[PDB]
>>> print(open('my_file.pdb').read())   # PDB, C-alpha atoms
ATOM      1  CA  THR L  56      -2.781  -3.746  -9.257
ATOM      2  CA  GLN L  57      -4.437  -0.817  -7.510
ATOM      3  CA  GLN L  58      -1.421  -0.031  -5.313
ATOM      4  CA  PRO L  59      -0.103   3.528  -5.879
ATOM      5  CA  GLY L  60       3.538   3.519  -6.936
ATOM      6  CA  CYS L  61       3.639  -0.206  -7.708
ATOM      7  CA  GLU L  62       3.930   0.451 -11.452
ATOM      8  CA  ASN L  63       6.950   2.725 -10.932
ATOM      9  CA  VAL L  64       8.931   0.282  -8.786
ATOM     10  CA  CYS L  65       7.949  -2.689 -10.957
ATOM     11  CA  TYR L  66       9.129  -0.954 -14.131
ATOM     12  CA  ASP L  67      12.332   0.092 -12.360
ATOM     13  CA  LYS L  68      13.022  -3.484 -11.243
ATOM     14  CA  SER L  69      12.122  -4.932 -14.653
ATOM     15  CA  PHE L  70      14.374  -2.477 -16.536
ATOM     16  CA  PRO L  71      17.415  -1.404 -14.475
ATOM     17  CA  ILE L  72      18.622   0.337 -17.638
ATOM     18  CA  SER L  73      16.894   0.732 -20.993
ATOM     19  CA  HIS L  74      18.250  -1.425 -23.812
ATOM     20  CA  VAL L  75      18.556   1.567 -26.149
ATOM     21  CA  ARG L  76      20.619   3.604 -23.671
ATOM     22  CA  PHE L  77      22.717   0.521 -22.900
ATOM     23  CA  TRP L  78      23.441   0.098 -26.617
ATOM     24  CA  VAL L  79      24.290   3.798 -26.944
ATOM     25  CA  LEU L  80      26.782   3.428 -24.093
ATOM     26  CA  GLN L  81      28.223   0.301 -25.720
ATOM     27  CA  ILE L  82      28.738   1.931 -29.126
ATOM     28  CA  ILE L  83      30.280   5.026 -27.519
ATOM     29  CA  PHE L  84      32.676   2.859 -25.496
ATOM     30  CA  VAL L  85      33.585   0.865 -28.612
ATOM     31  CA  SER L  86      34.157   4.034 -30.644
ATOM     32  CA  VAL L  87      36.318   5.866 -28.075
ATOM     33  CA  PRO L  88      39.562   3.846 -28.607
ATOM     34  CA  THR L  89      39.313   4.304 -32.381
ATOM     35  CA  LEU L  90      38.989   8.078 -31.994
ATOM     36  CA  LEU L  91      41.912   8.098 -29.555
ATOM     37  CA  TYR L  92      44.078   6.214 -32.054
ATOM     38  CA  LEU L  93      43.032   8.454 -34.953
ATOM     39  CA  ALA L  94      43.911  11.621 -33.046
ATOM     40  CA  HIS L  95      47.205  10.081 -31.909
ATOM     41  CA  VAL L  96      48.084   9.309 -35.539
ATOM     42  CA  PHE L  97      47.144  12.891 -36.414
ATOM     43  CA  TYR L  98      49.633  14.127 -33.809
ATOM     44  CA  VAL L  99      52.224  11.690 -35.192
ATOM     45  CA  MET L 100      51.755  13.262 -38.627
ATOM     46  CA  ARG L 101      52.132  16.707 -37.059
ATOM     47  CA  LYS L 102      55.452  15.501 -35.629
ATOM     48  CA  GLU L 103      56.426  14.161 -39.062
ATOM     49  CA  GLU L 104      55.719  17.527 -40.702
ATOM     50  CA  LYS L 105      58.040  19.392 -38.314
TER      51      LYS L 105
ATOM     52  CA  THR B  56      -5.494   8.762   0.713
ATOM     53  CA  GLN B  57      -5.176   6.643  -2.416
ATOM     54  CA  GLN B  58      -4.241   3.462  -0.533
ATOM     55  CA  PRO B  59      -6.728   0.613  -1.174
ATOM     56  CA  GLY B  60      -8.269  -0.652   2.051
ATOM     57  CA  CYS B  61      -7.087   2.295   4.148
ATOM     58  CA  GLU B  62     -10.643   3.618   4.520
ATOM     59  CA  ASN B  63     -11.873   0.259   5.849
ATOM     60  CA  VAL B  64      -9.188  -0.126   8.521
ATOM     61  CA  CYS B  65      -9.375   3.554   9.485
ATOM     62  CA  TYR B  66     -13.143   3.388   9.987
ATOM     63  CA  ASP B  67     -12.732   0.150  11.947
ATOM     64  CA  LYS B  68     -10.126   1.729  14.234
ATOM     65  CA  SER B  69     -12.137   4.942  14.638
ATOM     66  CA  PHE B  70     -15.359   3.074  15.519
ATOM     67  CA  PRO B  71     -14.687  -0.250  17.292
ATOM     68  CA  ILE B  72     -18.453  -0.439  17.812
ATOM     69  CA  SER B  73     -21.188   1.870  16.559
ATOM     70  CA  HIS B  74     -22.748   4.152  19.167
ATOM     71  CA  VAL B  75     -26.276   3.112  18.178
ATOM     72  CA  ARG B  76     -25.556  -0.612  18.573
ATOM     73  CA  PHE B  77     -23.739   0.098  21.845
ATOM     74  CA  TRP B  78     -26.812   1.946  23.136
ATOM     75  CA  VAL B  79     -29.084  -0.893  21.994
ATOM     76  CA  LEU B  80     -26.924  -3.342  23.946
ATOM     77  CA  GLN B  81     -27.003  -1.040  26.979
ATOM     78  CA  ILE B  82     -30.798  -0.683  26.999
ATOM     79  CA  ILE B  83     -31.251  -4.438  26.517
ATOM     80  CA  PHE B  84     -28.881  -5.159  29.415
ATOM     81  CA  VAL B  85     -30.694  -2.617  31.598
ATOM     82  CA  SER B  86     -34.099  -4.070  30.704
ATOM     83  CA  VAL B  87     -33.215  -7.747  31.278
ATOM     84  CA  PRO B  88     -33.238  -7.679  35.136
ATOM     85  CA  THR B  89     -36.625  -5.933  35.156
ATOM     86  CA  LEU B  90     -38.119  -8.606  32.892
ATOM     87  CA  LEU B  91     -36.579 -11.330  35.061
ATOM     88  CA  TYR B  92     -38.148  -9.808  38.178
ATOM     89  CA  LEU B  93     -41.537  -9.360  36.497
ATOM     90  CA  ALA B  94     -41.654 -12.989  35.376
ATOM     91  CA  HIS B  95     -40.508 -14.140  38.823
ATOM     92  CA  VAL B  96     -43.360 -12.172  40.416
ATOM     93  CA  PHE B  97     -45.720 -13.754  37.885
ATOM     94  CA  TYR B  98     -44.568 -17.196  39.039
ATOM     95  CA  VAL B  99     -44.989 -16.075  42.662
ATOM     96  CA  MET B 100     -48.605 -15.171  41.881
ATOM     97  CA  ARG B 101     -49.056 -18.572  40.235
ATOM     98  CA  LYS B 102     -47.833 -20.119  43.495
ATOM     99  CA  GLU B 103     -50.253 -17.903  45.436
ATOM    100  CA  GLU B 104     -53.195 -19.056  43.308
ATOM    101  CA  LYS B 105     -52.511 -22.743  44.023
TER     102      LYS B 105
END
>>> encode(input="my_file.pdb", output="C-alpha coordinates")
Amino acid sequence: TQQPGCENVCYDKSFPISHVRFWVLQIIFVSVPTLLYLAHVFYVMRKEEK
Amino acid sequence: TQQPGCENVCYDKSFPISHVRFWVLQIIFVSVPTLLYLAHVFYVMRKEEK
(Lines of atoms letter the chains of each structure in order from A and count residues from 1; the text may use other names and numbers.)
(Lines give C-alpha, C1' and ligand atoms only; values in the text may rest on other atoms or scores of the structure.)
Protein backbone atom coordinates (compact mmCIF):
# COMPACT_ATOMS: atom_id res chain seq x y z
CA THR A 1 0.00 0.00 0.00
CA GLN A 2 0.93 3.66 -0.30
CA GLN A 3 -1.19 4.76 2.68
CA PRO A 4 0.91 6.43 5.42
CA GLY A 5 0.57 4.63 8.74
CA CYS A 6 -1.07 1.53 7.26
CA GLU A 7 2.02 -0.59 7.94
CA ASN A 8 2.03 0.41 11.62
CA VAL A 9 -1.62 -0.43 12.28
CA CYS A 10 -1.44 -3.62 10.20
CA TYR A 11 1.59 -4.88 12.13
CA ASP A 12 -0.12 -3.95 15.40
CA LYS A 13 -3.27 -5.87 14.44
CA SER A 14 -1.29 -8.86 13.14
CA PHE A 15 0.86 -9.09 16.29
CA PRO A 16 -0.99 -7.90 19.42
CA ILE A 17 2.02 -9.17 21.38
CA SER A 18 5.30 -10.60 20.11
CA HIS A 19 5.72 -14.36 20.51
CA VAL A 20 9.13 -13.95 22.16
CA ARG A 21 7.83 -11.52 24.80
CA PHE A 22 4.79 -13.76 25.34
CA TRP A 23 7.10 -16.73 25.95
CA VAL A 24 9.25 -14.66 28.32
CA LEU A 25 6.13 -13.77 30.30
CA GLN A 26 5.06 -17.43 30.32
CA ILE A 27 8.41 -18.72 31.61
CA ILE A 28 8.54 -15.99 34.27
CA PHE A 29 5.01 -16.86 35.43
CA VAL A 30 5.89 -20.56 35.51
CA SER A 31 9.09 -19.91 37.46
CA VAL A 32 7.58 -17.59 40.10
CA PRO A 33 5.78 -20.30 42.18
CA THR A 34 8.95 -22.42 42.29
CA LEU A 35 10.98 -19.47 43.61
CA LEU A 36 8.26 -18.72 46.16
CA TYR A 37 8.35 -22.32 47.40
CA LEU A 38 12.15 -22.39 47.53
CA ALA A 39 12.32 -19.22 49.61
CA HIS A 40 9.54 -20.51 51.88
CA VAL A 41 11.53 -23.71 52.48
CA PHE A 42 14.57 -21.55 53.20
CA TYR A 43 12.58 -19.72 55.88
CA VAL A 44 11.38 -23.08 57.22
CA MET A 45 15.02 -24.14 57.60
CA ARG A 46 15.75 -20.85 59.36
CA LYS A 47 12.94 -21.72 61.79
CA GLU A 48 14.42 -25.21 62.22
CA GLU A 49 17.84 -23.78 63.09
CA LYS A 50 16.43 -21.61 65.89
CA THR B 1 0.73 16.00 2.56
CA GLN B 2 1.73 12.38 2.05
CA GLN B 3 -1.84 11.17 1.46
CA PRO B 4 -2.26 9.53 -1.99
CA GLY B 5 -4.94 11.26 -4.04
CA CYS B 6 -5.14 14.32 -1.79
CA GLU B 7 -3.54 16.54 -4.44
CA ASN B 8 -6.12 15.49 -7.04
CA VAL B 9 -9.18 16.19 -4.88
CA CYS B 10 -7.68 19.41 -3.51
CA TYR B 11 -6.98 20.76 -7.00
CA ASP B 12 -10.48 19.71 -8.09
CA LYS B 13 -12.07 21.53 -5.14
CA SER B 14 -9.86 24.61 -5.59
CA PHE B 15 -10.62 24.87 -9.34
CA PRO B 16 -14.10 23.57 -10.22
CA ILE B 17 -13.43 24.91 -13.72
CA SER B 18 -10.29 26.48 -15.15
CA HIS B 19 -10.42 30.25 -15.67
CA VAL B 20 -9.19 29.93 -19.27
CA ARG B 21 -11.90 27.42 -20.23
CA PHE B 22 -14.49 29.54 -18.41
CA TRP B 23 -13.42 32.58 -20.44
CA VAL B 24 -13.53 30.56 -23.66
CA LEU B 25 -17.09 29.52 -22.84
CA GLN B 26 -17.99 33.14 -22.03
CA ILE B 27 -16.61 34.53 -25.30
CA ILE B 28 -18.32 31.77 -27.31
CA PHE B 29 -21.64 32.49 -25.59
CA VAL B 30 -21.22 36.22 -26.21
CA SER B 31 -20.35 35.65 -29.88
CA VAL B 32 -23.21 33.25 -30.68
CA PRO B 33 -26.05 35.86 -30.81
CA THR B 34 -23.99 38.08 -33.12
CA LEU B 35 -23.40 35.20 -35.53
CA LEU B 36 -27.10 34.30 -35.40
CA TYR B 37 -28.05 37.88 -36.27
CA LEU B 38 -25.48 38.09 -39.08
CA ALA B 39 -26.73 34.90 -40.70
CA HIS B 40 -30.34 36.05 -40.29
CA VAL B 41 -29.49 39.31 -42.07
CA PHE B 42 -27.79 37.25 -44.79
CA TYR B 43 -31.04 35.31 -45.27
CA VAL B 44 -32.96 38.61 -45.30
CA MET B 45 -30.72 39.79 -48.15
CA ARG B 46 -31.34 36.50 -49.96
CA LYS B 47 -35.07 37.24 -49.64
CA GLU B 48 -34.47 40.77 -50.94
CA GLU B 49 -32.64 39.45 -54.01
CA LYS B 50 -35.55 37.19 -55.01
>>> atom_distance(input="my_file.pdb", atom1="atom CA of residue 59 of chain B", atom2="atom CA of residue 61 of chain L")
12.3 Å
>>> atom_distance(input="my_file.pdb", atom1="atom CA of residue 101 of chain L", atom2="atom CA of residue 86 of chain L")
22.9 Å
>>> axis_aligned_box(input="my_file.pdb", around="segment 80-96 of chain L", padding_each_side="3 Å", output="lines of an AutoDock Vina configuration file")
center_x = 37.4
center_y = 6.0
center_z = -29.8
size_x = 27.3
size_y = 17.3
size_z = 17.4
>>> atom_distance(input="my_file.pdb", atom1="atom CA of residue 91 of chain B", atom2="atom CA of residue 76 of chain B")
22.5 Å
